[PDB]
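Dropping entry28.pdb in here (PDB, C-alpha atoms (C1' of nucleotides) and all ligand atoms):
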```pdb
ATOM      1  CA  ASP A   5      36.184 -22.146 -23.980  1.00  0.00           C
ATOM      2  CA  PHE A   6      34.626 -22.265 -20.536  1.00  0.00           C
ATOM      3  CA  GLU A   7      33.116 -18.871 -19.885  1.00  0.00           C
ATOM      4  CA  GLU A   8      34.656 -17.418 -16.690  1.00  0.00           C
ATOM      5  CA  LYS A   9      33.259 -14.775 -14.340  1.00  0.00           C
ATOM      6  CA  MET A  10      35.350 -12.831 -11.917  1.00  0.00           C
ATOM      7  CA  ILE A  11      33.508 -13.038  -8.547  1.00  0.00           C
ATOM      8  CA  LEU A  12      35.798 -11.279  -5.976  1.00  0.00           C
ATOM      9  CA  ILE A  13      38.999  -9.261  -6.057  1.00  0.00           C
ATOM     10  CA  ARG A  14      40.631  -8.192  -2.882  1.00  0.00           C
ATOM     11  CA  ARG A  15      43.934  -6.923  -1.674  1.00  0.00           C
ATOM     12  CA  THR A  16      45.359  -8.352   1.504  1.00  0.00           C
ATOM     13  CA  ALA A  17      48.256  -6.956   3.397  1.00  0.00           C
ATOM     14  CA  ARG A  18      50.909  -8.285   5.686  1.00  0.00           C
ATOM     15  CA  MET A  19      53.559  -6.694   7.663  1.00  0.00           C
ATOM     16  CA  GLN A  20      57.205  -6.105   7.543  1.00  0.00           C
ATOM     17  CA  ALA A  21      59.731  -3.767   9.156  1.00  0.00           C
ATOM     18  CA  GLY A  22      58.522  -0.408   8.061  1.00  0.00           C
ATOM     19  CA  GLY A  23      55.878  -1.672   5.650  1.00  0.00           C
ATOM     20  CA  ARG A  24      52.514  -2.980   4.667  1.00  0.00           C
ATOM     21  CA  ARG A  25      53.055  -5.517   1.880  1.00  0.00           C
ATOM     22  CA  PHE A  26      50.306  -6.520  -0.464  1.00  0.00           C
ATOM     23  CA  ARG A  27      48.981  -9.593  -2.273  1.00  0.00           C
ATOM     24  CA  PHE A  28      45.721 -10.089  -4.235  1.00  0.00           C
ATOM     25  CA  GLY A  29      43.158 -12.785  -4.210  1.00  0.00           C
ATOM     26  CA  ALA A  30      40.724 -13.528  -6.983  1.00  0.00           C
ATOM     27  CA  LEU A  31      37.668 -15.730  -6.844  1.00  0.00           C
ATOM     28  CA  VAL A  32      36.803 -16.870 -10.313  1.00  0.00           C
ATOM     29  CA  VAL A  33      34.065 -19.162 -11.506  1.00  0.00           C
ATOM     30  CA  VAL A  34      34.532 -21.022 -14.729  1.00  0.00           C
ATOM     31  CA  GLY A  35      31.783 -22.900 -16.556  1.00  0.00           C
ATOM     32  CA  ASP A  36      30.147 -24.046 -19.800  1.00  0.00           C
ATOM     33  CA  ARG A  37      26.472 -23.316 -19.056  1.00  0.00           C
ATOM     34  CA  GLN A  38      25.847 -27.029 -19.544  1.00  0.00           C
ATOM     35  CA  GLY A  39      26.191 -28.667 -16.151  1.00  0.00           C
ATOM     36  CA  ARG A  40      29.916 -28.106 -15.560  1.00  0.00           C
ATOM     37  CA  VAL A  41      31.287 -25.466 -13.088  1.00  0.00           C
ATOM     38  CA  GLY A  42      34.492 -24.548 -11.350  1.00  0.00           C
ATOM     39  CA  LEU A  43      35.549 -22.438  -8.436  1.00  0.00           C
ATOM     40  CA  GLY A  44      39.114 -21.360  -7.764  1.00  0.00           C
ATOM     41  CA  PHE A  45      40.675 -18.899  -5.362  1.00  0.00           C
ATOM     42  CA  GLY A  46      43.955 -17.482  -6.640  1.00  0.00           C
ATOM     43  CA  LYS A  47      46.600 -15.279  -5.036  1.00  0.00           C
ATOM     44  CA  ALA A  48      49.522 -13.344  -6.438  1.00  0.00           C
ATOM     45  CA  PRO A  49      51.553 -10.183  -6.002  1.00  0.00           C
ATOM     46  CA  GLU A  50      49.482  -8.532  -8.776  1.00  0.00           C
ATOM     47  CA  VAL A  51      45.837  -8.642  -9.814  1.00  0.00           C
ATOM     48  CA  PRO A  52      45.963 -10.281 -13.246  1.00  0.00           C
ATOM     49  CA  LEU A  53      48.106 -13.221 -12.079  1.00  0.00           C
ATOM     50  CA  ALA A  54      45.656 -13.723  -9.286  1.00  0.00           C
ATOM     51  CA  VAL A  55      42.764 -13.771 -11.765  1.00  0.00           C
ATOM     52  CA  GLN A  56      44.921 -16.006 -13.942  1.00  0.00           C
ATOM     53  CA  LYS A  57      45.696 -18.499 -11.160  1.00  0.00           C
ATOM     54  CA  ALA A  58      42.075 -18.445 -10.028  1.00  0.00           C
ATOM     55  CA  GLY A  59      41.124 -19.463 -13.587  1.00  0.00           C
ATOM     56  CA  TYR A  60      43.693 -22.238 -13.459  1.00  0.00           C
ATOM     57  CA  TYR A  61      42.495 -23.703 -10.109  1.00  0.00           C
ATOM     58  CA  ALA A  62      38.844 -23.464 -11.108  1.00  0.00           C
ATOM     59  CA  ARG A  63      39.302 -25.471 -14.268  1.00  0.00           C
ATOM     60  CA  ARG A  64      41.018 -27.882 -11.884  1.00  0.00           C
ATOM     61  CA  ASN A  65      38.110 -28.034  -9.312  1.00  0.00           C
ATOM     62  CA  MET A  66      34.871 -28.801 -11.267  1.00  0.00           C
ATOM     63  CA  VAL A  67      31.493 -30.446 -10.729  1.00  0.00           C
ATOM     64  CA  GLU A  68      28.622 -32.687 -12.118  1.00  0.00           C
ATOM     65  CA  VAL A  69      25.704 -30.375 -12.085  1.00  0.00           C
ATOM     66  CA  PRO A  70      22.639 -32.519 -12.730  1.00  0.00           C
ATOM     67  CA  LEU A  71      20.413 -30.005 -14.496  1.00  0.00           C
ATOM     68  CA  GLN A  72      16.853 -30.704 -15.464  1.00  0.00           C
ATOM     69  CA  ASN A  73      15.394 -28.178 -17.820  1.00  0.00           C
ATOM     70  CA  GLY A  74      17.468 -25.414 -16.269  1.00  0.00           C
ATOM     71  CA  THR A  75      16.668 -26.189 -12.623  1.00  0.00           C
ATOM     72  CA  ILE A  76      17.913 -28.486  -9.918  1.00  0.00           C
ATOM     73  CA  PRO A  77      16.683 -31.965  -8.854  1.00  0.00           C
ATOM     74  CA  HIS A  78      15.869 -31.080  -5.281  1.00  0.00           C
ATOM     75  CA  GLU A  79      16.377 -28.751  -2.329  1.00  0.00           C
ATOM     76  CA  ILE A  80      19.697 -28.554  -0.493  1.00  0.00           C
ATOM     77  CA  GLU A  81      21.092 -26.470   2.346  1.00  0.00           C
ATOM     78  CA  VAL A  82      24.816 -26.560   2.776  1.00  0.00           C
ATOM     79  CA  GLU A  83      26.679 -25.034   5.668  1.00  0.00           C
ATOM     80  CA  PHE A  84      30.293 -24.116   4.965  1.00  0.00           C
ATOM     81  CA  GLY A  85      31.885 -22.719   8.100  1.00  0.00           C
ATOM     82  CA  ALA A  86      29.415 -20.211   9.432  1.00  0.00           C
ATOM     83  CA  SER A  87      28.089 -19.620   5.916  1.00  0.00           C
ATOM     84  CA  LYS A  88      24.891 -21.263   4.627  1.00  0.00           C
ATOM     85  CA  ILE A  89      23.353 -21.609   1.203  1.00  0.00           C
ATOM     86  CA  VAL A  90      19.838 -22.861   0.633  1.00  0.00           C
ATOM     87  CA  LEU A  91      18.931 -23.946  -2.862  1.00  0.00           C
ATOM     88  CA  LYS A  92      15.526 -24.612  -4.246  1.00  0.00           C
ATOM     89  CA  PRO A  93      14.476 -25.754  -7.642  1.00  0.00           C
ATOM     90  CA  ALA A  94      12.093 -23.673  -9.598  1.00  0.00           C
ATOM     91  CA  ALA A  95       9.931 -24.000 -12.631  1.00  0.00           C
ATOM     92  CA  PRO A  96      10.725 -22.028 -15.870  1.00  0.00           C
ATOM     93  CA  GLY A  97      10.152 -18.310 -15.915  1.00  0.00           C
ATOM     94  CA  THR A  98      11.491 -18.031 -12.386  1.00  0.00           C
ATOM     95  CA  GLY A  99      14.931 -16.706 -13.282  1.00  0.00           C
ATOM     96  CA  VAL A 100      18.005 -17.407 -11.182  1.00  0.00           C
ATOM     97  CA  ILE A 101      17.067 -15.689  -7.891  1.00  0.00           C
ATOM     98  CA  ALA A 102      20.312 -15.232  -6.021  1.00  0.00           C
ATOM     99  CA  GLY A 103      23.053 -13.188  -4.471  1.00  0.00           C
ATOM    100  CA  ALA A 104      25.857 -12.108  -6.742  1.00  0.00           C
ATOM    101  CA  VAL A 105      28.183 -14.906  -5.669  1.00  0.00           C
ATOM    102  CA  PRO A 106      25.913 -17.925  -5.980  1.00  0.00           C
ATOM    103  CA  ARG A 107      24.301 -16.370  -9.043  1.00  0.00           C
ATOM    104  CA  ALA A 108      27.573 -16.380 -10.890  1.00  0.00           C
ATOM    105  CA  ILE A 109      28.255 -19.915  -9.843  1.00  0.00           C
ATOM    106  CA  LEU A 110      24.824 -21.223 -10.924  1.00  0.00           C
ATOM    107  CA  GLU A 111      24.529 -19.304 -14.191  1.00  0.00           C
ATOM    108  CA  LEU A 112      27.747 -20.791 -15.508  1.00  0.00           C
ATOM    109  CA  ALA A 113      26.584 -24.254 -14.422  1.00  0.00           C
ATOM    110  CA  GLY A 114      23.686 -23.572 -16.809  1.00  0.00           C
ATOM    111  CA  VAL A 115      21.081 -23.068 -14.131  1.00  0.00           C
ATOM    112  CA  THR A 116      18.310 -20.951 -15.606  1.00  0.00           C
ATOM    113  CA  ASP A 117      15.629 -21.194 -12.874  1.00  0.00           C
ATOM    114  CA  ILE A 118      16.468 -21.590  -9.191  1.00  0.00           C
ATOM    115  CA  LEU A 119      15.723 -19.999  -5.800  1.00  0.00           C
ATOM    116  CA  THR A 120      18.376 -19.312  -3.158  1.00  0.00           C
ATOM    117  CA  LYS A 121      19.137 -17.779   0.215  1.00  0.00           C
ATOM    118  CA  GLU A 122      22.481 -16.825   1.689  1.00  0.00           C
ATOM    119  CA  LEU A 123      22.115 -17.412   5.390  1.00  0.00           C
ATOM    120  CA  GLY A 124      24.731 -17.204   8.114  1.00  0.00           C
ATOM    121  CA  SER A 125      27.962 -15.480   7.288  1.00  0.00           C
ATOM    122  CA  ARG A 126      27.805 -13.815   3.918  1.00  0.00           C
ATOM    123  CA  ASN A 127      31.554 -13.892   3.368  1.00  0.00           C
ATOM    124  CA  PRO A 128      31.661 -14.228  -0.441  1.00  0.00           C
ATOM    125  CA  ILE A 129      34.321 -16.942  -0.296  1.00  0.00           C
ATOM    126  CA  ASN A 130      32.712 -19.311   2.136  1.00  0.00           C
ATOM    127  CA  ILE A 131      29.441 -18.729   0.290  1.00  0.00           C
ATOM    128  CA  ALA A 132      31.073 -19.632  -3.004  1.00  0.00           C
ATOM    129  CA  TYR A 133      32.684 -22.674  -1.496  1.00  0.00           C
ATOM    130  CA  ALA A 134      29.315 -23.728  -0.026  1.00  0.00           C
ATOM    131  CA  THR A 135      27.373 -23.225  -3.213  1.00  0.00           C
ATOM    132  CA  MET A 136      29.828 -25.542  -4.790  1.00  0.00           C
ATOM    133  CA  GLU A 137      29.424 -28.092  -2.030  1.00  0.00           C
ATOM    134  CA  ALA A 138      25.701 -27.893  -2.489  1.00  0.00           C
ATOM    135  CA  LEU A 139      25.863 -28.789  -6.172  1.00  0.00           C
ATOM    136  CA  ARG A 140      28.435 -31.434  -5.442  1.00  0.00           C
ATOM    137  CA  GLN A 141      25.801 -33.104  -3.261  1.00  0.00           C
ATOM    138  CA  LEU A 142      22.839 -32.839  -5.628  1.00  0.00           C
ATOM    139  CA  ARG A 143      21.558 -36.243  -6.774  1.00  0.00           C
ATOM    140  CA  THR A 144      19.124 -37.258  -9.523  1.00  0.00           C
ATOM    141  CA  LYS A 145      16.198 -39.612  -9.091  1.00  0.00           C
ATOM    142  CA  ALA A 146      18.426 -42.085 -10.894  1.00  0.00           C
ATOM    143  CA  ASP A 147      21.423 -41.535  -8.529  1.00  0.00           C
ATOM    144  CA  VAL A 148      19.115 -42.359  -5.611  1.00  0.00           C
ATOM    145  CA  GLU A 149      17.359 -45.494  -6.926  1.00  0.00           C
ATOM    146  CA  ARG A 150      20.810 -46.850  -7.819  1.00  0.00           C
ATOM    147  CA  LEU A 151      21.955 -46.449  -4.204  1.00  0.00           C
ATOM    148  CA  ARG A 152      19.022 -48.565  -2.938  1.00  0.00           C
ATOM    149  CA  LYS A 153      18.634 -51.989  -4.665  1.00  0.00           C
ATOM    150  CA  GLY A 154      18.788 -55.655  -3.410  1.00  0.00           C
TER     151      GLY A 154
ATOM    152  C1'   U B   1       4.805 -20.878  -9.161  1.00  0.00           C
ATOM    153  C1'   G B   2       8.212 -19.461  -4.414  1.00  0.00           C
ATOM    154  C1'   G B   3      12.896 -16.937  -1.122  1.00  0.00           C
ATOM    155  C1'   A B   4      19.067 -11.896  -4.313  1.00  0.00           C
ATOM    156  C1'   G B   5      21.854  -8.777  -0.866  1.00  0.00           C
ATOM    157  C1'   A B   6      25.363  -4.707  -0.066  1.00  0.00           C
ATOM    158  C1'   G B   7      28.497  -0.849   3.159  1.00  0.00           C
ATOM    159  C1'   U B   8      30.802  -0.225   7.969  1.00  0.00           C
ATOM    160  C1'   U B   9      35.171  -2.793  13.750  1.00  0.00           C
ATOM    161  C1'   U B  10      41.491  -5.026  11.329  1.00  0.00           C
ATOM    162  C1'   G B  11      47.916  -3.628   9.003  1.00  0.00           C
ATOM    163  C1'   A B  12      45.435  -7.703   6.858  1.00  0.00           C
ATOM    164  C1'   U B  13      41.900 -12.374   8.286  1.00  0.00           C
ATOM    165  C1'   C B  14      37.958 -15.363   9.916  1.00  0.00           C
ATOM    166  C1'   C B  15      33.774 -15.085  13.244  1.00  0.00           C
ATOM    167  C1'   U B  16      30.541 -12.562  16.248  1.00  0.00           C
ATOM    168  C1'   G B  17      27.585  -8.269  16.293  1.00  0.00           C
ATOM    169  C1'   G B  18      25.155  -3.808  16.051  1.00  0.00           C
ATOM    170  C1'   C B  19      24.230   0.551  12.919  1.00  0.00           C
ATOM    171  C1'   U B  20      22.955   1.753   7.736  1.00  0.00           C
ATOM    172  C1'   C B  21      20.835   1.204   2.731  1.00  0.00           C
ATOM    173  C1'   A B  22      18.280  -0.673  -1.999  1.00  0.00           C
ATOM    174  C1'   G B  23      11.903  -2.720  -2.035  1.00  0.00           C
ATOM    175  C1'   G B  24       6.677  -2.463  -1.218  1.00  0.00           C
ATOM    176  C1'   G B  25       2.832   0.385   1.157  1.00  0.00           C
ATOM    177  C1'   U B  26      -0.278   5.294   3.220  1.00  0.00           C
ATOM    178  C1'   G B  27      -6.842   8.895   4.509  1.00  0.00           C
ATOM    179  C1'   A B  28      -0.820  11.534   4.062  1.00  0.00           C
ATOM    180  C1'   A B  29       2.236  16.225   4.694  1.00  0.00           C
ATOM    181  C1'   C B  30       6.038  19.468   2.643  1.00  0.00           C
ATOM    182  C1'   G B  31       9.356  21.216  -1.986  1.00  0.00           C
ATOM    183  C1'   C B  32       9.946  21.937  -7.466  1.00  0.00           C
ATOM    184  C1'   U B  33       6.791  21.290 -11.385  1.00  0.00           C
ATOM    185  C1'   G B  34       1.730  20.535 -13.585  1.00  0.00           C
ATOM    186  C1'   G B  35      -2.038  19.435 -19.607  1.00  0.00           C
ATOM    187  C1'   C B  36      -6.764  16.130 -20.066  1.00  0.00           C
ATOM    188  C1'   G B  37     -10.216  12.490 -18.499  1.00  0.00           C
ATOM    189  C1'   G B  38     -12.531   8.087 -15.675  1.00  0.00           C
ATOM    190  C1'   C B  39     -13.276   5.696 -11.089  1.00  0.00           C
ATOM    191  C1'   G B  40     -12.017   6.054  -6.116  1.00  0.00           C
ATOM    192  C1'   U B  41     -10.838   9.171  -2.085  1.00  0.00           C
ATOM    193  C1'   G B  42     -10.192  13.831   1.313  1.00  0.00           C
ATOM    194  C1'   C B  43     -10.041  16.774   9.752  1.00  0.00           C
ATOM    195  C1'   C B  44      -5.478  10.945  11.041  1.00  0.00           C
ATOM    196  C1'   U B  45      -5.130  16.828  15.496  1.00  0.00           C
ATOM    197  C1'   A B  46      -9.361  19.669  19.772  1.00  0.00           C
ATOM    198  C1'   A B  47     -15.127  13.095  21.551  1.00  0.00           C
ATOM    199  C1'   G B  48     -12.580  21.580  21.373  1.00  0.00           C
ATOM    200  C1'   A B  49     -16.156  25.444  20.837  1.00  0.00           C
ATOM    201  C1'   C B  50     -19.784  26.465  17.121  1.00  0.00           C
ATOM    202  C1'   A B  51     -23.043  31.997  13.487  1.00  0.00           C
ATOM    203  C1'   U B  52     -26.567  30.380   9.547  1.00  0.00           C
ATOM    204  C1'   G B  53     -29.457  27.102   6.507  1.00  0.00           C
ATOM    205  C1'   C B  54     -31.248  22.427   5.744  1.00  0.00           C
ATOM    206  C1'   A B  55     -30.910  16.625   7.957  1.00  0.00           C
ATOM    207  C1'   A B  56     -38.519  13.712  10.269  1.00  0.00           C
ATOM    208  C1'   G B  57     -42.288  13.473   9.236  1.00  0.00           C
ATOM    209  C1'   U B  58     -46.987  12.150   7.455  1.00  0.00           C
ATOM    210  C1'   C B  59     -52.583  10.788   7.643  1.00  0.00           C
ATOM    211  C1'   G B  60     -58.870  15.476   6.359  1.00  0.00           C
ATOM    212  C1'   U B  61     -60.506   7.985   4.220  1.00  0.00           C
ATOM    213  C1'   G B  62     -59.546   8.824  12.858  1.00  0.00           C
ATOM    214  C1'   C B  63     -61.964  13.628  15.203  1.00  0.00           C
ATOM    215  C1'   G B  64     -63.928  18.881  16.380  1.00  0.00           C
ATOM    216  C1'   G B  65     -62.655  23.549  15.507  1.00  0.00           C
ATOM    217  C1'   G B  66     -60.103  28.617  13.735  1.00  0.00           C
ATOM    218  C1'   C B  67     -58.660  31.361   8.793  1.00  0.00           C
ATOM    219  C1'   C B  68     -58.896  31.853   3.588  1.00  0.00           C
ATOM    220  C1'   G B  69     -60.214  31.322  -1.745  1.00  0.00           C
ATOM    221  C1'   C B  70     -64.234  29.982  -4.346  1.00  0.00           C
ATOM    222  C1'   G B  71     -69.076  27.801  -5.996  1.00  0.00           C
ATOM    223  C1'   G B  72     -74.808  28.167  -4.262  1.00  0.00           C
ATOM    224  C1'   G B  73     -78.485  33.403  -2.162  1.00  0.00           C
ATOM    225  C1'   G B  74     -79.536  34.792   2.469  1.00  0.00           C
ATOM    226  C1'   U B  75     -82.233  41.723   3.972  1.00  0.00           C
ATOM    227  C1'   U B  76     -81.399  42.460  -3.322  1.00  0.00           C
ATOM    228  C1'   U B  77     -75.934  42.879  -1.672  1.00  0.00           C
ATOM    229  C1'   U B  78     -71.556  45.190   1.811  1.00  0.00           C
ATOM    230  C1'   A B  79     -74.106  45.035   8.864  1.00  0.00           C
ATOM    231  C1'   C B  80     -76.686  39.312  11.842  1.00  0.00           C
ATOM    232  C1'   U B  81     -71.010  36.208   6.815  1.00  0.00           C
ATOM    233  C1'   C B  82     -76.154  30.257   5.574  1.00  0.00           C
ATOM    234  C1'   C B  83     -75.335  25.513   3.026  1.00  0.00           C
ATOM    235  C1'   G B  84     -71.921  22.688  -0.489  1.00  0.00           C
ATOM    236  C1'   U B  85     -65.813  21.908  -1.731  1.00  0.00           C
TER     237        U B  85
HETATM  238 MG    MG C 201      25.516 -11.704  10.563  1.00  0.00          MG
HETATM  239 MG    MG C 202      38.710  -4.292  17.607  1.00  0.00          MG
HETATM  240 MG    MG C 203       1.849  25.394  -7.223  1.00  0.00          MG
END
```

In structure tokens, what does this structure look like?
Amino acid sequence: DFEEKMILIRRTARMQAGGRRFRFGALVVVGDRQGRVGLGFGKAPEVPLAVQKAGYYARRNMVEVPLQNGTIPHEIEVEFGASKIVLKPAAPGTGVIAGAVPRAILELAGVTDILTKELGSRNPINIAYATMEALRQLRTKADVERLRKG
RNA sequence: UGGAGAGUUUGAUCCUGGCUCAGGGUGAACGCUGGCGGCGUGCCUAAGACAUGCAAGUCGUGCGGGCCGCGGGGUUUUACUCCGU
């Protein structure tokens, strides 16, 4: 009973003596809407196994989202490859203002109000992976004070 | 209190990168259609050319006259038309 949202399906092809030969890739986000999210990229010879595997790997790659009344502790910009995600907390009533990929990811984390920009390469995958890296790097006031003591 | 991206180069991929679109806006124009009202607003081109009317006057308590309507009788009155407004 994580929710699950199917972010990307694509069909890749490779080559053989007299033939194109296909494979599918599914990007699936999985999450409770209460600070936990997962991203997984699954491949298979048919679509539903890809979606299935994606689901599997996502539940197996999850993250501490430190929410705070439906927004995020602080700004972050993550670059992943040539893709870039910028993330900005927002007060309530703002909505989750984002591209389809990072929207999915943030909604299921339980983000209600946030502001975003996809910069750089928009490739849905590297954007997904970077959104995740962004949230993986969020820290709370408490996380920070803990790091600096005496 | 503030920020969404998508399509298209490949057998397929990543990147680069252009083209393209969704939005808002306007002294608008054109097409189909059109019931009311309020407030705004309407030659963006030929600073081309313009019929016609009107758009800058006012003071008689600055001044002297012409003309007229009266009042008041000059020859009684119209011909010499005298004072007052
Ligand atoms: Mg680009
Ligand atoms: Mg080429
Ligand atoms: Mg008509």

Given a cut-off of 7 Å, which residues of chain A touch chain B, counting all atoms listed in the file, written out as a list in words? residues 16, 17, 18, 19, 24, 95, 101, 102, 103, 119, 120 and 121 of chain A

Within-10 Å residues of ligand MG 203 (chain C), basis all atoms listed in the file, as a PyMOL selection string: chain B and resi 32-34

For ligand MG 201 (chain C), return the neighbouring residues as an MDAnalysis selection string (distance at most 10 Å; all atoms listed in the file). (chainID A and resid 86:87 123:127) or (chainID B and resid 15:18)

Output of the PyMOL selection byres (((chain B and resi 72) around 9) and not hetatm), listed as a PDB file with C-alpha atoms (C1' of nucleotides), in the frame of the given file:
```pdb
ATOM      1  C1'   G B  71     -69.076  27.801  -5.996  1.00  0.00           C
ATOM      2  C1'   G B  73     -78.485  33.403  -2.162  1.00  0.00           C
ATOM      3  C1'   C B  83     -75.335  25.513   3.026  1.00  0.00           C
ATOM      4  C1'   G B  84     -71.921  22.688  -0.489  1.00  0.00           C
TER       5        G B  84
END
```

Name all residues at most 8 Å from range 45-49 of chain A (count all atoms listed in the file; drop same-chain ones fewer than 6 positions away) and give them as a PyMOL selection string. chain A and resi 26-32+55-59+61-62

Translate the PyMOL selection byres (((chain A and resi 63) around 10) and not hetatm), as applied to the file shown, into an explicit residue set as number ranges by chain. A: 6, 8, 32-35, 40-44, 57-62, 64-67

Using the file's own x, y and z axes, so that the box edges lie along x, y and z, what centre and edge lengths in Å (one decimal) does a box around every listed atom of range 44-50 of chain B get when 8 Å is added on each side? Give it as lines of an AutoDock Vina configuration file.
```
center_x = -12.5
center_y = 18.7
center_z = 16.3
size_x = 30.7
size_y = 31.5
size_z = 26.5
```

Using only C-alpha atoms (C1' of nucleotides) and all ligand atoms, can you tell me which of B:20, B:47, B:10, B:68 comes closest to ligand MG 202 (chain C)?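 Closest to ligand MG 202 (chain C), using only C-alpha atoms (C1' of nucleotides) and all ligand atoms: B:10.
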
What is the distance, in Å and to one decimal place, between CA of residue 116 in chain A and CA of residue 128 in chain A?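 CA of residue 116 in chain A sits 21.3 Å away from CA of residue 128 in chain A.
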
Once the PyMOL selection byres (((chain B and resi 44) around 9) and not hetatm) has been applied to the shown file, what residues remain in the selection, as a ChimeraX atom specification? /B:27-28,43,45

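Residues with any atom within 7 Å of range 138-152 of chain A, counting all atoms listed in the file and excluding same-chain neighbours fewer than 2 positions away, are residues 67, 68, 69, 70, 77, 80, 81, 82, 134, 135 and 136 of chain A.
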
Length of the CA of residue 92 in chain A to CA of residue 76 in chain A vector [Å]: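 Taking CA of residue 92 in chain A and CA of residue 76 in chain A, their separation equals 7.3 Å.
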
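As for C1' of residue 22 in chain B and CA of residue 107 in chain A, they are spaced 18.2 Å apart.
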
Rank nothing, just name the residue among B:41, B:7, B:54, B:65 nearest to residue 19 in chain B, using all atoms listed in the file.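 The shortest atom-to-atom distance to residue 19 in chain B comes from B:7.
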
Using only C-alpha atoms, which of A:83, A:36, A:50, A:137 sits nearest residue 113 in chain A? A:36
